[PDB]
Structure formats: C-alpha cells, structure tokens
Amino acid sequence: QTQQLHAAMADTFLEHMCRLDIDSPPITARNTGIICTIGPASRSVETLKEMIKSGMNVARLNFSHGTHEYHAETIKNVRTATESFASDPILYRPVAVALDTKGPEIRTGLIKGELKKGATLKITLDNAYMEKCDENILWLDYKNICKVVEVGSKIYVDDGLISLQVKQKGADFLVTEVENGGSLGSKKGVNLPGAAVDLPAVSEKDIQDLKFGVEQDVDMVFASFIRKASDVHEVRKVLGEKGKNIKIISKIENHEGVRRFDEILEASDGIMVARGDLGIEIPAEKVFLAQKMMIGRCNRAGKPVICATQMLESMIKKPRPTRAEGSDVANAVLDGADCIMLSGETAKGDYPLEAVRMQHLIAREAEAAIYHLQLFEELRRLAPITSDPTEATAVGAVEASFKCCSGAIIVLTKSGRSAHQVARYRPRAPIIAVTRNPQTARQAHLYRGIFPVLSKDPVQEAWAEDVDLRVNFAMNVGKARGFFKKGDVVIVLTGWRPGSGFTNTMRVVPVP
C-alpha cells in the first residue's frame, strides 16, 4: 500500500498497470534529475536559492545568447545560492553547472536596423544588409547556404514559426515563397530539415565558449546539433587535458543525429533528446518515436539521457500545467530518462518555482510506477557478461536491493563511476554516493537515482576508519532526509584498497 509495491509484484505489465494506485504514496526520495535553464526570471541569488529548495539539481546556461561576462555572473550567483546551504553538510545539495553550446546555429539579421503567405522573399548573404532586413530582404549568417539547399528545400524561421520554400537558387542569394504568414523579428533561429549543413561542429564561437567553460569549472557540456561521432571527438579535443573530466552530453536535434545515434552515443558521455529543434527537423508526430528510441538505447548502453523542451510549456504563463504536460513528464520517467529539463519555464516564465516543484512531484510518482520486475530483467539480459569486478558487484547490489526492499544503496566513489554502474541497472532504492570530490558530487545528478553527498571531513589516519566514517555519513544523511530509519536495511558498496577502480564489496547492513 506503498511505493506502488502491489503493482510491482504483477506477473504481467498489463496487470502492473491495473494495480497502479493513487492512494499508494511514493517514497521521499526523487531519483530523476531536474535541469533548469537560467535566465532573467531565475538569475538572482534569492530566486536561485528557492530553485535549489524546490528541486533544481543542474543549472543550464544557454550560450545561444549573452556575453562571457553575463554567464560569469550567472555562475557566481548559482554558486552563491548553492553555498548558502553549506553550513549544513547533512542537508546541503550539490548543484551542477552545465554549458549549452550555441553550435552550428543559423540566425537572421536585424529588422530595419509581417510576412504573408505566398509572397516572395529574398535571402541575402551580403553583409551590407546584415541589419537591413525587411519583408522582401532577409540576411542570414550561413554563408554557404546556396551550396546545401535546392528549389525543393524547406527553410523554417523562428522556432519553426515561418516556413519558406526556395523558388530560385542563386550563387550568393536565394529566392523563396512564404508558406506561412507571420511576424519576423531579429536574430531568429533558422532550420534546414534534410539539408547537409556544412557548418563546423565546433565553430570559432564554440571554441572560446568551451574554453571559458573550462576556466569557470563547469561540470558538463550540452553540445548542440551533434551530427556524427567525429563532432563529439572535436568537442572533447577542444576541452583538452584540463577539461578531460567534463561530461560531454550530445544533443540530438536533427535527422542526421538520429541516423548516426549509435556512433554518437558510443563517443559521448550522455545524450539529450532536444525535442525543440528535433520537432522542427522531423515531423512532430514522430518525436515520441525518436525520444523512446534514444532513451531505450541509452538505458541499454548505460549512459545518461536527458528529456528536454516544452515539458511544462504552459507554466511559462500559468501556475499549473496541463494534463498533457503532467503526462509528458511522467512518461519521460517511465521511458527511462535520467534527467528532465525546463527551458522557458525557468529561464523567462512567470512561475519558475512552481514549474520546478511540479517536475519534482511528478517524477517521484512516476518512479514508483516503473515496472522494475521487467526493467531489471531486460537490462541484465541486454548487458554483456563481464570480467569487471565492479560491474558484477553493481548487479549483485541492485538484486540484493530488490530482494530486501532496501532503503538505499550506499556507494563510496571518487570519480562517480561505481555509482554510475549501480544506476545503470535502475534500482528502486536511491543510490547515496558519498564522495570527497566536489565535481563528482555535482556530476552525479546526470544519473538516475544517484543522491550525491559531499563529505568534507578530514581523511582519517586509518583507511578502514575513513571508509567507516563515510558510510556513517551516508546513514546520517539518509535518516535526516527521511529515506530510511534505524532498523531498516541498506546495502553498502566499498572497495578493497584506496583509489578508483576497486569497488568489489557489498554489505547488507541494518541502519544504526
């Protein structure tokens, strides 16, 4: 009559559905990470504090817009708000900082320093009109556009609002017919579905933004418009040695990214289902197919996946989501998404706090509604037989956690790897990852179920006593957070020697 445990015992998925119970309350622990895009509505320290309290785990900075000065101040405010809670190591929550690249974006020029259906529109590459745009002349930044489009090509403007069809293709210009009508502003996004755009994966702009991210000690990079594995390698190369620990999340936003997903996933640390641009590049009715394919393959490969964009779109103006938006968040969790994201809802909307609180509430309910019986069985069957002791330890810990309905899986980890390997098998119980590495604690939010706790206690002289100290630290946090209490059973993962790579010990212990 708890955590949908009655539905958990069903021998079929259909009966599992039939047993879902609105009167079965979920656990306190929320496993799905919440990523919030920071903007004018959420930039202040005071609002950022409320965002952390409401459930924000990752702050997303969109380098689509804004100077390095602007984003540096945003990062300072995020850390000021985050460290405001540092006086309580028990209740302190690490907050990651993510850098979303601009990438190969196509943007229009400045209007004069209403498009109508059927009219003719010239697309100019001459910079003398880079700010002199009007209903008859439109300047764009893609200099080699005439080489990659034809008279049959479609051109979309302003997040798919305006549709254009090339009617005559020149060498330095394009003539199009308006398939919309509508109102065009300045520096709007342009989409070229099906076209083989030859813009660099890492532009000159992308190079300094990524180097700025390395300088500012960001935790992850959301790389826009990844089209092939070599694109990912370029991003990782730009990050270099100093950036080698930054997680690379490839954003799949167009047809080519979907077709080359397998090679992209193998080269990346994770994936974002960037449904905003994806829904303009492919038919909107096919987006759920691409979303479920990518989440499935990420679960199968054991790499984090983010579901993004328009999840609670109506809350930009309203304090409540629609029923479809509630369903979308829950189904993304049921699909298997490690993280869910808010864009305009937190960047510019009128109710950023309510949007964060809503994603937290829905995620907790959906996590309990997961059919773990089938999921764990299928994840194990699709994962290979290994000789890695940590991998065998991880699956034994998850199986043990199901057998005793443990309150938590406690994992000591330096790099996060040991905890990621547990999360890959999707236990119902939260994974309390104890680390002294602040970046590991922040990066842990990318992975479903990992509740990172940052130990700041000095290293104890006896290593066995230092390990014990950190295990007891996890117990105290879990009890204070209400994840479990004394007498409950938890599973504890440690290694046989100091350092990374040696997690091989599972203990089933009552909580002291």
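All residue numbers are counted from 1 along the displayed sequence.
Counting the deposited residues that fall between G113 and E114 and carry no coordinates gives a value of 4 to 9. Looking at 458-466 and 443-451 together, the entry lists the larger mean B-factor for 458-466, computed on C-alpha atoms.
For the segment pair 165-173 and 395-403, the entry gives 165-173 the higher mean B-factor, averaged over Cα atoms.
Among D328, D338, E377, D126, the highest C-alpha B-factor in the deposited entry belongs to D126.
Take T390, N144, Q359, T322 and read off each C-alpha B-factor from the entry; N144 has the highest. In this PDB entry, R107 carries a Cα temperature factor that places it within the highest third of its chain's modelled residues. Annotation for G257: CA B-factor lies in the middle third of the chain's modelled residues. Ranked against the other modelled residues of its chain, the C-alpha B-factor of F288 as given in the entry falls in the lowest third. When the modelled residues of the chain are ordered by their C-alpha B factor, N476 lands in the middle third. In the deposited entry, the Cα temperature factor of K49 sits in the middle third of values across the chain's modelled residues.
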